[PDB]
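What follows is a single structure, written as structure tokens, with notes after it.
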2 protein chains.
Amino acid sequence: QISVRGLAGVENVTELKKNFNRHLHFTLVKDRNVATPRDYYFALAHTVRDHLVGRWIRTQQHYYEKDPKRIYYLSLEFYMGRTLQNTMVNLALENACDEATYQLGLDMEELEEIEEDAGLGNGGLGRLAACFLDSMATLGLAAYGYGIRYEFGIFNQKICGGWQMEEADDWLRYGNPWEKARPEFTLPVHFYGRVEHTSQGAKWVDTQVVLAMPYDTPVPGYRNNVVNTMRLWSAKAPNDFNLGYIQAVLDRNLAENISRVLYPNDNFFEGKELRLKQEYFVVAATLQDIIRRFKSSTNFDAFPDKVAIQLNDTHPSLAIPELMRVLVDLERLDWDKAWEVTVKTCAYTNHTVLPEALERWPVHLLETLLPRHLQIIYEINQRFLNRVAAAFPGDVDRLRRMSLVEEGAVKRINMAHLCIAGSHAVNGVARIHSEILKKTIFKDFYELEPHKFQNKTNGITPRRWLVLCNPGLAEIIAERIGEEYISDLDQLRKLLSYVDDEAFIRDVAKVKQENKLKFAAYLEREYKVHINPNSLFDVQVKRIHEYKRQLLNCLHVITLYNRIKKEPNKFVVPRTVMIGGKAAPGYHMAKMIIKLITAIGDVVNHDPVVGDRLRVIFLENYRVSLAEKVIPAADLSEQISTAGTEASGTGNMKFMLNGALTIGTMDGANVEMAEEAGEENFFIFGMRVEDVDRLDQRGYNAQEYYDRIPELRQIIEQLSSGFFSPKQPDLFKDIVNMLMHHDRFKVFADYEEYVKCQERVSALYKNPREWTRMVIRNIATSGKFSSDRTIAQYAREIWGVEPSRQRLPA
Amino acid sequence: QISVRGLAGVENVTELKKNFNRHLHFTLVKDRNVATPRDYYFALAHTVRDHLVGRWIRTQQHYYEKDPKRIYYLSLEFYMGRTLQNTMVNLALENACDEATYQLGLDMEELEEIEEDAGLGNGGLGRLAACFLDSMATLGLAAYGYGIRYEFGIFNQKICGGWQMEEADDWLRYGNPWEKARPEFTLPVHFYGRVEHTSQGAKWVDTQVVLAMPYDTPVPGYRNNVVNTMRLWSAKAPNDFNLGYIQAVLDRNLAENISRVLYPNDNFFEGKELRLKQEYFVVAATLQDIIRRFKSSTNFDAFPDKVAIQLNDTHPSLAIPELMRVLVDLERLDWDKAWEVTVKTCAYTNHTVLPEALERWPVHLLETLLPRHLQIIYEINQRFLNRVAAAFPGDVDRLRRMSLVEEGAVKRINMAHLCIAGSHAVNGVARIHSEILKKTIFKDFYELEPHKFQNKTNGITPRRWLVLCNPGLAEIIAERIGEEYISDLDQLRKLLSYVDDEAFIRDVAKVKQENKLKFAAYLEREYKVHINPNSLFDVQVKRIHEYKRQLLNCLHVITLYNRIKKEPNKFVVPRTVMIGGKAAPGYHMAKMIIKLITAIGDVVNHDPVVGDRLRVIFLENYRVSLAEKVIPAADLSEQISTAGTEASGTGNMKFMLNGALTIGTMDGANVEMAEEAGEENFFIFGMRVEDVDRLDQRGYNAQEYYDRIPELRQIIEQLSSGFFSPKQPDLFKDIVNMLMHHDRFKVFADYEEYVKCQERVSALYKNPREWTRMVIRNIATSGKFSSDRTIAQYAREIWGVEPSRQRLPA
Ligand SMILES: Cc1cn([C@@H]2O[C@H](CO)[C@@H](O)[C@H](O)[C@H]2O)c(=O)[nH]c1=O
Ligand SMILES: Cc1cn([C@@H]2O[C@H](CO)[C@@H](O)[C@H](O)[C@H]2O)c(=O)[nH]c1=O
Ligand SMILES: Cc1cn([C@@H]2O[C@H](CO)[C@@H](O)[C@H](O)[C@H]2O)c(=O)[nH]c1=O
Ligand SMILES: Cc1cn([C@@H]2O[C@H](CO)[C@@H](O)[C@H](O)[C@H]2O)c(=O)[nH]c1=O
Ligand SMILES: *Cc1c(COP(=O)(O)O)cnc(C)c1O
Ligand SMILES: *Cc1c(COP(=O)(O)O)cnc(C)c1O
């Protein structure tokens, strides 16, 4: 059909068809008379999977032969989404499979919709790991992703009566064709017990054992025949576990609960024991696997030359003391030598400055669950503080500020401090974020070891986020500059010479319209809701959180509604406001925000006077697969976090690459995006980080804005009086109270400039040609945000390895 | 290699090899450089499995087309054992696979030892179901086995310090290549709730729902291209289950625990709630599946003409009231019509007369868990008793004796009475057992409905129990009479004309010697224990239970030991006494018996004076795979249960078919075996059922035997004084006390005749030629004990269907 989707050769199509029929028969044990669409999806999945195996086996054999330095990316989250289309894209099998299935009388798109998302993540942090795996494979790095195979991923979100309802994500119900269980590589992990100090060294004894069984999933690079591995551990009880008889067998669940479910929190630390067990479980199994592979290549001096461990936030921070435990207690290295190896091996990536999101574990928890690790952490702290004391003699407050151990009600271990002390590199995820780290929360550390601090601006993979989800745009682009940009996104800059090209301007606008039509149809198909495809698609999709300020968006929507009701026969650019995202189960304010959004829609969407000029829709169950549908259809991307709170953001990059203009604050990567495209091509508004600090020093008083802005006052009175909740007048009292008395994110402070900026957006939308030319300027300068660029920087500046675009013999 | 193992054609061997390499690559994702023996086993299993699929699909399509009457065998146990070799045997692929693997540089026998036993049963009852499935497929019956897919089967038995230790049987750890999950056919099962009586009919509401997911396993008939299905249900929690959030997800285990583990009791009823849930779970899911298939063929009058439900004991007895519930409550049939259909559809098989083994559920349990079923059971009882009252006016005691409801401390439901009332056929499993049923426990029922009572003597499949485990014997037999006997065991009678054939006598004896050498080697391989292959192999393998009297065997062993110590230089036929079997975890006396056996061995096996003249070995972890090894190597089969307690026995039949002579009581099938071979060719001893009754009427006093038998007295004094337990003098006080004061099984009463009979056995063993001729007379008359004969009788006399030996086009 389209160029970028590969060739549909005569031989290959014939081959695909026979293997499809083979799997349907032998693998699924069905015939065309009883097979259902799901049966067909699996037949196709196994057929495509077969094409991965050969490359997968030789890639791993290749690394064994050449023995390059290995990169281990440790993360408690891998937000993978669907795998079928992505695999076809990277193997250049899309058109061939589309043709083969077509000839078999099947619609491949219909089959792709049957696959369950691998929702092993919460949002940005988990998606970043997924994009990174893709880029590492595309750049020929010998990388391995290590995590946990959660039986239940992020919950499926249902909206009932305008409220969020959660239901288990039983994603493995029908089986996972992509994974390969490797029970032969099962490893033991220890918990509890006590420490015994003998003649030579300490010993961790009387521990409870839980087995870690690995499941391997292939990670194909883009058309380079490289297939890396993502290894996820599953918890298994030993067979002598607890060994009345029946009860002993049933109690095995206690041990296996470790890999049962993903904690649904985003940017919020919950110090639960089960979460701590998950963190140590992944770290303990992974390190044994790493050391085993290292020895199968005694000389731990070369360990840092053959191994790089990247910590995705502090979740896997226990890798530092676990590595020390193994080297000191088991391998018998002297402390100093062990510490040198550990620091040169580990690197830490920070993703937030919000205090409530930082991991600070109570000492009594570590004391009971991991007694040996607590001792090692105290020793690390002692030696670290001696260094601080020697560098800043007499600065006693610095000593208490930098300590890994926090004193107070209950003593806690600051995992971020542990990571900085035990890593040779610490990085932020966007320039402004990395600078804030050095000026605020990690200032003392930066002054002690300035060389450790770096920046690695985030990125997204252009395979899934352009070619896969927006083939139409990928096609018209390839028509002008070729296909090389797919693995070298900087080439998009060549599109600048087409900004005045009437043919291109028309094609870009046509693709957007088609995407919007397709999405508008989807909304009626699976959700039954009518929308006007000619309206401006205003969307904000991301997890629900006060710092992301979905509430500011709500204030604007209500403002637009009140303005229409005031002057009904006045023309206004039609808009479809879409907001989607999940709220953590115990995050009350976040759940109230969801209810507010649906409540607004209930009023706005049924007001005769408004007509099709304004619609407010809440996108249910936002996840990777849904993102791939709504992002290509967006006109306006809402990135309005309070300046200084969104470390980077990545959804913002996905919208920019897909033809949507951005309205946002100078926060996270928004700053670099505007810098790349030019501020004139971005809709920037609101307080800058410096402005927020000035307001805090002075004291934020929301009452002042309420008193000076009539339109704002009206909205607050509508909320308090029950205008949006007739049957429950005080339903939103908590929201009004927070906004008026304890809003940490200054929603009112950016209200005026936001509304004004939104007016400028509507003004531009009225001029199709100029709107599209600005879009072209954005797409053309989005190259810097490819995760390929990000990974190349990690490789050269942190891991010490050179990326490669060389194909492997298939 | 050998004839009965099929042809090793040039084309097929080449084909097998390429498919083996294909699976190793694509399925297991490995190469010859990293593949382990387990990897090779799986490659072979998938290769053989492929040969089953084609036949499996067409067999099921065949039944759909011809729509014959369907046979549903409901059982909570299916003791399948290994599947690889059995599949090769039934498909005539053994020699081809042996050659193909040989050419690949692999030893197939070594690979077969890697497969885990599917130990979804406890013993005889579970093994009978497995043999039956095999015979039903071989006889072309449209049969389906329905049970539960236990995550953990019968526990693995370890012997530590002479004591039984139990460990979880994690048989699915490495995956099960034979099964095929069918999540698309998942069905809901209800529990708890309450009954609501509305205008039209009652309704079961407010129930808790548990999903039943089916897993299908193919059951190949012997070389007839028929492949039936064994469908096992697995418990799954609904996704809205219990829907803090984390806890709700973890609590899903509560619902899924239903299919977690097999209750390890044998001939003993344990009224636990979880067991009741398992029983209803299998019945509820199965009946919905049956009705669904029936409708896809409104006219329930023809239901009995298209469906037959066989209840393996009372475990699935809830099928009777569940069928009534569906027909009355859901289909809206009038009670009388529904009852007619139910009775004509159901048939019940009883397997014991021991009071402690009969299921008698407390009403309060049924009341809480299955309120609607309790009501239906009371109604059934009411109408049944009205019939009894009309047939035997004024006989009030008969009414209370026959009631389904037992009064007393706590009211209970007698499930056996429920089964008789709701079934058109009730059968025992051996002639003597079926007669005892009519004269004792079911006497009142027999007098009311004599036509319902039948006998169906048990049998074993000659495929697994001869061809598979003893190819050597199968071969020399085929050499003389051909291969037809494998599916027509009665033909073995032709071997009688060879009883005086010197060549045959020599071959039979040679095969036994080779089997014994192979087993003697195995004992040193996996268990490190030296034994003399020239000694008489005396073995008793079966679950440990007081009624089976392993204790009587122990008394004989000690007697032999004391006699040797008394006259050391006197010649005695060398013996290796082997006893094996598992004890239920909470069966104290059974665990003490195991300890006694190892204790005896500890003394006997290390006494210099005894030498290699006597050895006592306890066969650890007796299971199907071990039975296939030890039975072909046995010389003497111990079947010594107290007359009237072993309903039938099946191990006895396995020994007879494999060339071992039998020493036993006139109990169960032993009676018919001796009748077939001739009492002169059997070693019968002890009390007959009539003798046991006389002793009970008079009162059994063990003291009398102790006072009159010096050798017996000596043994009891050795046990009481600590001769077999130096460090723990009173260790066996419980055993001595039971034997002397409350032995329900009269061990002492059969001691004298047993020892005398054993002397006659030793006398015959000294004459190799005559021992072997008697063996030939046994093998030649074992034809009646083929489960093919048993199933043909069930088909014609109970299910109303004709068996067929017609091949299906492959
Ligand atoms: C799961 C979760 C909870 N919370 C809040 O944490 C506060 C301090 O523990 C509580 O008082 C409040 O009720 C919670 O909704 C958040 O802010 N974000 C979150 O993701
Ligand atoms: C601590 C934390 C950060 N992040 C996000 O990680 C993304 C990838 O680095 C950033 O772009 C985004 O700004 C962050 O808020 C999450 O999603 N969950 C989290 O718990
Ligand atoms: C599991 C089990 C228990 N028991 C006995 O049941 C008796 C009555 O409940 C108990 O007093 C005794 O301690 C048990 O060992 C048996 O006989 N057979 C068995 O299979
Ligand atoms: C009640 C019951 C019977 N049986 C056996 O079933 C076999 C097959 O019918 C018989 O040969 C044998 O005599 C019985 O004791 C068991 O194994 N477990 C049991 O719980
Ligand atoms: C890209 C992505 C995110 C991150 O979006 P932000 O707006 O940066 O928070 C979260 N969820 C999904 C499903 C995503 O695809
Ligand atoms: C045949 C068999 C049984 C039944 O043996 P009996 O002596 O009749 O009780 C029990 N266990 C296994 C493993 C068997 O193969």
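Residues are referred to by chain and number: the chain letter is A, B, ... according to the order shown in the structure tokens, the number counts from 1 in that chain, and ligands are numbered separately from 1 in the order shown.
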Could you work out which residues of chain A fall inside 7 Å of chain B? Count only C-alpha atoms, and format the result as a PDB file with C-alpha atoms, in the first residue's frame.
```pdb
ATOM      1  CA  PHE A  26      -0.586 -27.134  14.706  1.00  0.00           C
ATOM      2  CA  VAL A  29      -5.321 -26.519  16.917  1.00  0.00           C
ATOM      3  CA  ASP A  50       9.175 -16.977  13.827  1.00  0.00           C
ATOM      4  CA  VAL A  53      13.982 -16.136  16.398  1.00  0.00           C
ATOM      5  CA  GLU A 166     -10.557   0.217  38.652  1.00  0.00           C
ATOM      6  CA  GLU A 167     -10.459  -3.330  37.361  1.00  0.00           C
ATOM      7  CA  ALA A 168      -7.637  -5.859  37.158  1.00  0.00           C
ATOM      8  CA  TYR A 174      -5.079 -15.498  26.635  1.00  0.00           C
ATOM      9  CA  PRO A 183      12.885 -21.862  33.997  1.00  0.00           C
ATOM     10  CA  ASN A 239       8.993 -26.707  46.545  1.00  0.00           C
ATOM     11  CA  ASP A 240      10.000 -27.327  50.159  1.00  0.00           C
ATOM     12  CA  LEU A 243       7.149 -27.871  54.085  1.00  0.00           C
ATOM     13  CA  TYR A 245      -0.307 -29.940  54.230  1.00  0.00           C
ATOM     14  CA  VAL A 249       0.660 -25.503  49.604  1.00  0.00           C
ATOM     15  CA  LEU A 250      -1.870 -22.656  49.514  1.00  0.00           C
ATOM     16  CA  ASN A 257       2.679 -12.258  45.432  1.00  0.00           C
ATOM     17  CA  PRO A 585      -6.424   4.513  43.350  1.00  0.00           C
TER      18      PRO A 585
END
```
At most 7 Å is the cut-off: for each residue in chain B with any atom that close to an atom of ligand 3, write down the nearest atom pair and the distance in Å rounded to one decimal, counting only C-alpha atoms and all ligand atoms, chain first then increasing number, as JSON lines.
```
{"residue": "B:265", "atom": "CA", "partner": "ligand 3", "partner_atom_place_in_ligand_line": "20 (O)", "distance": 5.1}
{"residue": "B:266", "atom": "CA", "partner": "ligand 3", "partner_atom_place_in_ligand_line": "20 (O)", "distance": 5.9}
{"residue": "B:267", "atom": "CA", "partner": "ligand 3", "partner_atom_place_in_ligand_line": "20 (O)", "distance": 6.6}
{"residue": "B:268", "atom": "CA", "partner": "ligand 3", "partner_atom_place_in_ligand_line": "20 (O)", "distance": 4.9}
{"residue": "B:584", "atom": "CA", "partner": "ligand 3", "partner_atom_place_in_ligand_line": "20 (O)", "distance": 5.1}
{"residue": "B:585", "atom": "CA", "partner": "ligand 3", "partner_atom_place_in_ligand_line": "1 (C)", "distance": 6.1}
{"residue": "B:586", "atom": "CA", "partner": "ligand 3", "partner_atom_place_in_ligand_line": "1 (C)", "distance": 4.1}
{"residue": "B:587", "atom": "CA", "partner": "ligand 3", "partner_atom_place_in_ligand_line": "15 (O)", "distance": 3.5}
{"residue": "B:588", "atom": "CA", "partner": "ligand 3", "partner_atom_place_in_ligand_line": "15 (O)", "distance": 4.2}
{"residue": "B:589", "atom": "CA", "partner": "ligand 3", "partner_atom_place_in_ligand_line": "15 (O)", "distance": 6.0}
```
Residues just named, written with N, CA, C and O atoms as a CSV table (one decimal), in the first residue's frame:
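File written: result-v6.csv
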```csv
chain,number,residue,atom,x,y,z
B,265,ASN,N,-5.9,-37.7,50.2
B,265,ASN,CA,-6.5,-38.8,50.9
B,265,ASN,C,-6.9,-39.9,49.9
B,265,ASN,O,-7.3,-39.7,48.8
B,266,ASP,N,-6.7,-41.1,50.4
B,266,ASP,CA,-7.1,-42.3,49.7
B,266,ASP,C,-8.0,-43.1,50.6
B,266,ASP,O,-7.6,-43.5,51.8
B,267,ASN,N,-9.2,-43.5,50.2
B,267,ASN,CA,-10.1,-44.2,51.0
B,267,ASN,C,-10.3,-43.6,52.4
B,267,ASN,O,-10.3,-44.3,53.4
B,268,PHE,N,-10.5,-42.3,52.4
B,268,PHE,CA,-10.8,-41.6,53.7
B,268,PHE,C,-11.5,-40.3,53.3
B,268,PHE,O,-10.9,-39.5,52.6
B,584,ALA,N,-1.2,-40.7,53.5
B,584,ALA,CA,-1.9,-39.4,53.5
B,584,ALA,C,-1.2,-38.6,54.6
B,584,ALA,O,-0.9,-39.2,55.6
B,585,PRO,N,-0.9,-37.3,54.4
B,585,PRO,CA,-0.2,-36.5,55.3
B,585,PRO,C,-0.7,-36.5,56.8
B,585,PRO,O,0.1,-36.4,57.7
B,586,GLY,N,-2.0,-36.6,57.0
B,586,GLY,CA,-2.6,-36.7,58.3
B,586,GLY,C,-2.9,-38.1,58.9
B,586,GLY,O,-3.5,-38.2,59.9
B,587,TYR,N,-2.5,-39.1,58.1
B,587,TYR,CA,-2.7,-40.5,58.6
B,587,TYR,C,-1.6,-41.0,59.4
B,587,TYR,O,-0.6,-41.5,58.9
B,588,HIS,N,-1.7,-40.7,60.7
B,588,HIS,CA,-0.6,-41.1,61.6
B,588,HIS,C,-0.2,-42.6,61.6
B,588,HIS,O,1.0,-42.8,61.4
B,589,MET,N,-1.1,-43.5,61.7
B,589,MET,CA,-0.7,-44.9,61.7
B,589,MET,C,0.0,-45.3,60.4
B,589,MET,O,0.9,-46.1,60.4
```
What are the closest atom pairs, with distances in Å to one decimal, for each residue of chain B lying within 10 Å of ligand 6, using only C-alpha atoms and all ligand atoms, rows by chain and rising residue number, as CSV?
```
residue,atom,partner,partner_atom_place_in_ligand_line,distance
B:79,CA,ligand 6,13 (C),7.8
B:80,CA,ligand 6,15 (O),9.4
B:81,CA,ligand 6,13 (C),8.3
B:119,CA,ligand 6,13 (C),8.8
B:121,CA,ligand 6,11 (N),8.6
B:122,CA,ligand 6,11 (N),6.8
B:123,CA,ligand 6,10 (C),3.6
B:124,CA,ligand 6,4 (C),3.6
B:125,CA,ligand 6,4 (C),7.4
B:126,CA,ligand 6,10 (C),8.1
B:127,CA,ligand 6,2 (C),6.0
B:128,CA,ligand 6,1 (C),7.7
B:131,CA,ligand 6,1 (C),9.5
B:266,CA,ligand 6,9 (O),9.6
B:458,CA,ligand 6,8 (O),9.9
B:459,CA,ligand 6,1 (C),9.9
B:460,CA,ligand 6,1 (C),8.0
B:465,CA,ligand 6,15 (O),9.1
B:540,CA,ligand 6,7 (O),7.8
B:541,CA,ligand 6,7 (O),6.3
B:542,CA,ligand 6,7 (O),4.5
B:543,CA,ligand 6,9 (O),6.2
B:544,CA,ligand 6,9 (O),9.0
B:545,CA,ligand 6,9 (O),9.7
B:548,CA,ligand 6,9 (O),8.1
B:580,CA,ligand 6,11 (N),9.7
B:581,CA,ligand 6,11 (N),7.6
B:582,CA,ligand 6,11 (N),8.9
B:621,CA,ligand 6,13 (C),9.3
B:622,CA,ligand 6,13 (C),6.1
B:623,CA,ligand 6,13 (C),3.9
B:624,CA,ligand 6,13 (C),3.9
B:625,CA,ligand 6,13 (C),7.4
B:626,CA,ligand 6,13 (C),7.3
B:627,CA,ligand 6,15 (O),5.4
B:628,CA,ligand 6,15 (O),7.6
B:631,CA,ligand 6,15 (O),9.2
B:637,CA,ligand 6,7 (O),9.5
B:638,CA,ligand 6,7 (O),8.6
B:639,CA,ligand 6,7 (O),7.1
B:640,CA,ligand 6,7 (O),9.7
B:641,CA,ligand 6,7 (O),9.6
B:646,CA,ligand 6,8 (O),8.1
B:647,CA,ligand 6,8 (O),9.1
B:648,CA,ligand 6,8 (O),7.0
B:649,CA,ligand 6,8 (O),3.4
B:650,CA,ligand 6,8 (O),3.8
B:651,CA,ligand 6,5 (O),3.9
B:652,CA,ligand 6,7 (O),5.9
B:653,CA,ligand 6,8 (O),8.0
B:654,CA,ligand 6,1 (C),7.0
B:655,CA,ligand 6,1 (C),9.4
B:668,CA,ligand 6,8 (O),9.5
B:669,CA,ligand 6,8 (O),9.4
```
If we count only C-alpha atoms, what is near region 423-440 of chain B at a cut-off of 6 Å, once residues fewer than 4 positions away on the same chain are taken out, given as a PDB file with N, CA, C and O atoms, in the first residue's frame?
```
ATOM      1  N   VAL B 343     -32.273 -39.195  35.976  1.00  0.00           N
ATOM      2  CA  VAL B 343     -32.035 -40.602  36.282  1.00  0.00           C
ATOM      3  C   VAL B 343     -31.557 -41.399  35.069  1.00  0.00           C
ATOM      4  O   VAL B 343     -30.654 -42.225  35.183  1.00  0.00           O
ATOM      5  N   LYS B 344     -32.155 -41.159  33.907  1.00  0.00           N
ATOM      6  CA  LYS B 344     -31.759 -41.874  32.699  1.00  0.00           C
ATOM      7  C   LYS B 344     -30.386 -41.445  32.196  1.00  0.00           C
ATOM      8  O   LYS B 344     -29.735 -42.166  31.442  1.00  0.00           O
ATOM      9  N   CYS B 346     -27.719 -40.233  34.392  1.00  0.00           N
ATOM     10  CA  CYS B 346     -26.673 -40.574  35.352  1.00  0.00           C
ATOM     11  C   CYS B 346     -26.508 -42.036  35.781  1.00  0.00           C
ATOM     12  O   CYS B 346     -27.476 -42.791  35.886  1.00  0.00           O
ATOM     13  N   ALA B 347     -25.256 -42.405  36.035  1.00  0.00           N
ATOM     14  CA  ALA B 347     -24.884 -43.744  36.487  1.00  0.00           C
ATOM     15  C   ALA B 347     -23.772 -43.548  37.526  1.00  0.00           C
ATOM     16  O   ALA B 347     -22.908 -42.674  37.378  1.00  0.00           O
ATOM     17  N   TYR B 348     -23.792 -44.368  38.568  1.00  0.00           N
ATOM     18  CA  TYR B 348     -22.837 -44.240  39.662  1.00  0.00           C
ATOM     19  C   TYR B 348     -21.998 -45.487  39.927  1.00  0.00           C
ATOM     20  O   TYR B 348     -22.523 -46.596  39.988  1.00  0.00           O
ATOM     21  N   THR B 349     -20.688 -45.291  40.077  1.00  0.00           N
ATOM     22  CA  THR B 349     -19.773 -46.392  40.361  1.00  0.00           C
ATOM     23  C   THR B 349     -19.236 -46.239  41.777  1.00  0.00           C
ATOM     24  O   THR B 349     -18.669 -45.198  42.119  1.00  0.00           O
ATOM     25  N   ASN B 350     -19.430 -47.271  42.594  1.00  0.00           N
ATOM     26  CA  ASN B 350     -18.962 -47.283  43.977  1.00  0.00           C
ATOM     27  C   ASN B 350     -17.626 -48.016  44.030  1.00  0.00           C
ATOM     28  O   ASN B 350     -17.435 -49.016  43.333  1.00  0.00           O
ATOM     29  N   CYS B 419     -26.741 -40.633  45.106  1.00  0.00           N
ATOM     30  CA  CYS B 419     -26.350 -41.205  43.821  1.00  0.00           C
ATOM     31  C   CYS B 419     -27.224 -42.377  43.398  1.00  0.00           C
ATOM     32  O   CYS B 419     -27.595 -42.483  42.235  1.00  0.00           O
ATOM     33  N   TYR B 446     -31.238 -52.207  47.083  1.00  0.00           N
ATOM     34  CA  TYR B 446     -31.323 -53.335  46.169  1.00  0.00           C
ATOM     35  C   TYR B 446     -32.729 -53.953  46.203  1.00  0.00           C
ATOM     36  O   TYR B 446     -33.257 -54.364  45.170  1.00  0.00           O
ATOM     37  N   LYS B 452     -31.328 -51.781  39.220  1.00  0.00           N
ATOM     38  CA  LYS B 452     -30.264 -50.774  39.158  1.00  0.00           C
ATOM     39  C   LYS B 452     -28.868 -51.304  39.437  1.00  0.00           C
ATOM     40  O   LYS B 452     -27.880 -50.736  38.969  1.00  0.00           O
ATOM     41  N   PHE B 453     -28.783 -52.387  40.196  1.00  0.00           N
ATOM     42  CA  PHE B 453     -27.493 -52.927  40.590  1.00  0.00           C
ATOM     43  C   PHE B 453     -26.783 -53.863  39.627  1.00  0.00           C
ATOM     44  O   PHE B 453     -27.317 -54.887  39.205  1.00  0.00           O
ATOM     45  N   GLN B 454     -25.551 -53.489  39.297  1.00  0.00           N
ATOM     46  CA  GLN B 454     -24.731 -54.248  38.365  1.00  0.00           C
ATOM     47  C   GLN B 454     -23.305 -54.392  38.870  1.00  0.00           C
ATOM     48  O   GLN B 454     -22.920 -53.804  39.879  1.00  0.00           O
ATOM     49  N   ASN B 455     -22.529 -55.184  38.139  1.00  0.00           N
ATOM     50  CA  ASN B 455     -21.120 -55.376  38.427  1.00  0.00           C
ATOM     51  C   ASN B 455     -20.361 -55.075  37.143  1.00  0.00           C
ATOM     52  O   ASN B 455     -20.834 -55.379  36.046  1.00  0.00           O
ATOM     53  N   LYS B 456     -19.196 -54.461  37.290  1.00  0.00           N
ATOM     54  CA  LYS B 456     -18.321 -54.147  36.168  1.00  0.00           C
ATOM     55  C   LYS B 456     -16.926 -54.325  36.738  1.00  0.00           C
ATOM     56  O   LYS B 456     -16.351 -53.400  37.309  1.00  0.00           O
ATOM     57  N   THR B 457     -16.398 -55.537  36.620  1.00  0.00           N
ATOM     58  CA  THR B 457     -15.074 -55.815  37.151  1.00  0.00           C
ATOM     59  C   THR B 457     -14.050 -54.914  36.470  1.00  0.00           C
ATOM     60  O   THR B 457     -14.074 -54.733  35.251  1.00  0.00           O
ATOM     61  N   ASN B 458     -13.166 -54.340  37.279  1.00  0.00           N
ATOM     62  CA  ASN B 458     -12.128 -53.438  36.794  1.00  0.00           C
ATOM     63  C   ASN B 458     -11.178 -54.106  35.808  1.00  0.00           C
ATOM     64  O   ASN B 458     -11.192 -55.327  35.621  1.00  0.00           O
ATOM     65  N   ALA B 647     -12.131 -53.328  47.362  1.00  0.00           N
ATOM     66  CA  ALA B 647     -13.228 -53.451  46.405  1.00  0.00           C
ATOM     67  C   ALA B 647     -12.829 -54.277  45.184  1.00  0.00           C
ATOM     68  O   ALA B 647     -13.541 -55.196  44.776  1.00  0.00           O
ATOM     69  N   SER B 648     -11.685 -53.952  44.601  1.00  0.00           N
ATOM     70  CA  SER B 648     -11.227 -54.697  43.444  1.00  0.00           C
ATOM     71  C   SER B 648      -9.729 -54.851  43.435  1.00  0.00           C
ATOM     72  O   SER B 648      -9.203 -55.964  43.536  1.00  0.00           O
ATOM     73  N   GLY B 668     -11.616 -58.771  46.577  1.00  0.00           N
ATOM     74  CA  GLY B 668     -11.680 -58.017  45.336  1.00  0.00           C
ATOM     75  C   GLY B 668     -11.544 -58.859  44.081  1.00  0.00           C
ATOM     76  O   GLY B 668     -12.093 -59.964  43.992  1.00  0.00           O
ATOM     77  N   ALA B 669     -10.806 -58.338  43.108  1.00  0.00           N
ATOM     78  CA  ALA B 669     -10.608 -59.041  41.845  1.00  0.00           C
ATOM     79  C   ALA B 669      -9.701 -60.269  41.968  1.00  0.00           C
ATOM     80  O   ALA B 669      -9.615 -61.062  41.026  1.00  0.00           O
TER      81      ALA B 669
END
```
As an exercise, work out the distance from CA of residue 364 (chain A) to CA of residue 410 (chain A) in Å and give it to one decimal place.
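Value for the CA of residue 364 (chain A)-CA of residue 410 (chain A) distance: 8.5 Å.
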